[PDB]
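Just one chain is shown here, as structure tokens, and it is the form deposited in one PDB entry.
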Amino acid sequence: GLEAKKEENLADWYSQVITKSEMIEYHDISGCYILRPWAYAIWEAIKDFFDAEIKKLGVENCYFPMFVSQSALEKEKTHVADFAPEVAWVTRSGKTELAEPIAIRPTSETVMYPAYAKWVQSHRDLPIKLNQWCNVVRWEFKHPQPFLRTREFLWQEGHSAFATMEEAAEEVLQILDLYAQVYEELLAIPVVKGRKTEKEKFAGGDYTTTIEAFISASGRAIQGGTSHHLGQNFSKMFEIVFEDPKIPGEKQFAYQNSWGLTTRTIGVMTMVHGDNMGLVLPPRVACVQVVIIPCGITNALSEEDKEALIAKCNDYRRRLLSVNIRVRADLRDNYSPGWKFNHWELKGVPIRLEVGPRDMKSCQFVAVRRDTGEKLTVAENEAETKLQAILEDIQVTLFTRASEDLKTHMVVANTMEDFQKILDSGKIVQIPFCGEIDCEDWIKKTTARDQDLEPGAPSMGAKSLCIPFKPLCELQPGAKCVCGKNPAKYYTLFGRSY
């Protein structure tokens, strides 16, 4: 079973959920974690849905080198400035020192865009739409946490280059909506589409959009994905240039975008839907949607009778495969049935299917929901339609409960004292914000200073999350920021973050 309680101490609960579900194994290098097949299948499920959608947009998959030269990495000044201290450098091969240290990619902007310049000579070479699934390394100055914050992580990064800004801006929102579909339709997690502030925006871009998710156990929010508009800052440094047919003889710099989604998605799914019985898989991403377990195999049952009980389970397995239900039949005669119930509950299989000798003679079986523990006795001939209905209802309620949790935890506050008090209750707040960096740092410093949390809870100030595309309330004209010294530009979502 599970020892820790998600409501009391969240860290060891998360640590026990990711291990006992066989998702995460630990490594002797801090910030690096093993993705076991149970977690990796979730990533493959996300990969299969996102690949199919970006190919509709004309995006193609490729793979670029992981090593970056010093000169390439420092073409964009403000970009390398933000990533320099967290870049891992290869300095030697074997015992021989490298003449020039090469870098491990924290992101592939400076690796790809030299090639973009070579590939783009005429206007016919645009647009370039490329994506790659790969690993990056970010030796960050933060507490590592599996899935959420790791030194090495798997992701997709898509880099598109266009002749006009209207083409680029269109794709930014197209991709961000795809990231929102990954969270809301696959992981059953609600997200808030928004724009990052000037402080938290991608270094080297004009603006960045993001989806923010909420983790109610810790009251903290987390970034689920970003779609940046790079404008021309990178094409001006890497010389991604073409001649426009309408503007004779003049150098045109391409408009570029980048967008990324990481294996953090798995950790958010764990933090939102996991309970005190272990992991909870949304049926959409569940590696196994239905696990079939033979029950009641006493020593008195004959060898022929036991084989007929196994055959009925395999028959349920074939029936569910013919209707595209991902089903595993745990026929292993080496483990107890209660060990199997516990094993697959920890892993989060949405439905457990129990077949016993009495039920098989009676033309029925038992279906047990993972999210609620509700046990239903279903007729043998209704197995294909009933289970698919339960699988759909599990996905709906997981998103319904997470949405109602989000609606009640994201509110509006206009003054600093109400923003402070609501923040200390475990909520994220939309406040009228002037949109300046020095004020955002002031909020980060004063929310941590005036904090009143539970005994033992560490000091953590609120930071910017996003400027929501559709905020909760309209900003009344002339309304000042929460600092009182500058006019407010927009409602900005704030709160403690991962």
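One-based numbering along the sequence shown. Rigid core: the largest C-alpha set superposing within 1.5 Å between the two forms.
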{"property": "Residue 446: gap in at least one third of other compared structures", "result": "no"}
{"property": "No coordinates for residue 368 in a third or more of the other PDB entries", "result": "no"}
{"property": "Higher-scoring stretch by recorded Cα B factor average, 462-470 or 446-454", "result": "446-454"}
{"property": "Residue range whose averaged C-alpha B-factor is higher in the record, 262-270 or 310-318", "result": "310-318"}
{"property": "Residue with highest C-alpha B-factor in the PDB entry, from 150, 156, 425, 210", "result": "425"}
{"property": "Deposited CA B-factor, highest of 107, 131, 395, 334", "result": "334"}
{"property": "Residue 74 - which third its CA temperature factor falls in, relative to the rest of the chain", "result": "middle"}
{"property": "Chain third (lowest, middle, highest) by recorded CA B-factor, residue given as residue 54", "result": "middle"}
{"property": "Lowest, middle or highest third - CA B-factor, residue 21", "result": "lowest"}
{"property": "Position of residue 280 among the chain's modelled residues by C-alpha B-factor, lowest, middle or highest third", "result": "lowest"}
{"property": "Chain-relative CA temperature factor third for residue 197", "result": "middle"}
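Omitted from view is the form deposited in another entry, to which the following refers.
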item: Residue showing a 2 Å-or-more C-alpha displacement between the shown form and the other one once the rigid core is overlaid, selected from 157, 275, 76, 354; value: 76
item: Core-aligned CA displacement of residue 393 at least 2 Å between the shown form and the other one; value: no
item: Residue 118 C-alpha relocation of at least 2 Å between the shown form and the other one, rigid core basis; value: no
item: Core-aligned C-alpha movement of residue 375 between the shown form and the other one reaching 2 Å; value: no
item: CA-CA separation of residue 75 and residue 223, closer or farther in the other form than in the form shown [shift of 3 angstroms or more]; value: farther
item: Cα-Cα shift for residue 74 and residue 230, closer or farther in the other form, minimum 3 Å; value: farther
